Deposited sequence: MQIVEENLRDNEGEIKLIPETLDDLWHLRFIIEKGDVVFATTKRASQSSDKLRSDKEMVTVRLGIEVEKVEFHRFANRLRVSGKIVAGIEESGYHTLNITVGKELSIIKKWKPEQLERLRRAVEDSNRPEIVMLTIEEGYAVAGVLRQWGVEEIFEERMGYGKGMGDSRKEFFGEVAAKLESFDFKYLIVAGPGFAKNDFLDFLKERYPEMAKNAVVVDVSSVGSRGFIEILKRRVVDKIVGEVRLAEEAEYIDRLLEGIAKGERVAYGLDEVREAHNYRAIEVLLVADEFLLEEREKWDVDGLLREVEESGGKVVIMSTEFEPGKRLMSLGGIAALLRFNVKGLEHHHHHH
C-alpha cells in the first residue's frame, strides 16, 4: 500500500494511494463506502470522480468494482486493481486510518542501493524518500576496479542491489560478485538501463524496478507463511487447514494468522459471506494474508484446501 498524498483536515479530506497486494485491495473494498468520492483514471483515459453508490469485488478476477454518479472530471464505474492509483475523499474514521497505517507497515521497502557502472567508472546511491542519494563514486588487463566498488558497496549496508549501466560492465560485475561476494550477489539484479549516474537512477525509478523488488519481498513472506504452516503440520502443532478446520479454530478465536488463496475467496463468496470470516479474524487481532494462485505460495495453499491458519493454541482437544 503506497500513500501518494493526503490533505486531511479534521480527519476529512482526500487520500491518494495505490494498493500493491490483494490484502490492500481487499481492505480498500471495505474502506471505500457508499457516499464517498473516488477519483481514478478510466476510459485516452480521463480520470473521473464518482460519488460511490456501490462497491463490490469482481467474480472472475481480482478487481474491485466501484460505481456511482459522476461528480467531477452521468454515471460511471471505476475498476480498481493492484498497482493502480486512486483517490478516496471522505470523512475518515479512526479504524480506516489505522488499517491504512498497518497496510503501510506491511509494505515496508528494504534498504535499496543502485549502482550504475561502465568501464572504469561507477556511481552508487541509496533510495530515500526524496529520491536516490549518491553514496560513492569510483574511477578506473587487470581492472580490480570491481573489487574496490564491491568493497564499498559491502561497507554501506543494504539488502538489495540494482546494477545498471551501458554494455557489459554491469554483467561482468555481477559475475564478480557471484564469485567474490555470494551473499551480496544473491540479492542483486542487473537491469537493461543504459544511463549512468543521476540519469540512470531516474530511469531505474521509471522502470518500476523497485516495485518488482517489493513484489518479490512479498512473495518471499508468503512462502515463509507456507513453511510455517508446513512445519506446524509436521509437528502437528498450532495449525488448521481446510475451511472446516479453520472455522473450528475460529470458533475459539484461535487464529493468529489466517492464510487464504485468492481463488478460494472467489469461489466461496458465491456461497456465503466468506469476507465476514476475514473481518472477524482481524477484529480479534488476527492478521489476514491473501495469496494469489498466480504464484507458487498460493498454489501450495490451494493444495491444502485453499485456506489455512497459524493458531495461538491447539483446538483439536
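Map the modelled residues onto the deposited sequence and report the uncovered stretches in sequence order. Counting from residue 1, the stretches without coordinates are 44 to 58, 89 to 92, 160 to 167, 345 to 352.
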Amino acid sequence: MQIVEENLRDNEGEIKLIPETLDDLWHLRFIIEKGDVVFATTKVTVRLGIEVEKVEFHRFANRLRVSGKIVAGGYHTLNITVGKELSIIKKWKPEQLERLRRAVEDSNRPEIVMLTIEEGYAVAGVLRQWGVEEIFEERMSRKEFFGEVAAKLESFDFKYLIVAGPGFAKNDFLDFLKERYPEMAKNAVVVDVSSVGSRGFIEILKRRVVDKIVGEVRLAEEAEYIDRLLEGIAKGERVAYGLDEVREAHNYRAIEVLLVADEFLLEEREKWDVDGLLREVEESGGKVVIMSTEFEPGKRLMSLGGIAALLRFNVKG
From here on, numbers count along this sequence of modelled residues.
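Of 190 to 198 and 212 to 220, the one with larger mean CA B-factor: It is 190 to 198.
Between 101 to 109 and 243 to 251, name whichever shows the higher mean Cα B factor according to the PDB entry. It is 101 to 109 that shows the higher mean C-alpha B-factor.
Pick out which of 160, 225, 92, 156 has the highest C-alpha B-factor in the PDB entry. Comparing C-alpha B-factors across 160, 225, 92, 156, the maximum falls on 156.
Would you mind finding, among 234, 115, 174, 88, the residue with the largest C-alpha temperature factor in the entry? Out of 234, 115, 174, 88, the record gives the largest C-alpha B-factor to 174.
By the recorded C-alpha temperature factor, relative to the other modelled residues in its chain, which third is residue 141 in? Highest third.
Taking the values exactly as deposited, rank residue 315 by C-alpha B-factor within its chain and report the matching third: lowest, middle or highest. Tercile = highest for this residue's CA B-factor.
Residue 47's Cα B-factor: lowest, middle or highest third of the chain? Residue 47: CA B-factor falls in the highest third of its chain.
Select lowest, middle or highest to describe the third in which the CA B-factor of residue 169 falls within its chain in this entry. It falls in the top third of the chain.
For residue 41, return the chain-relative third of its C-alpha B-factor as stated in the PDB record: lowest, middle or highest. Ranked within chain, residue 41 CA B lands in the highest tercile.
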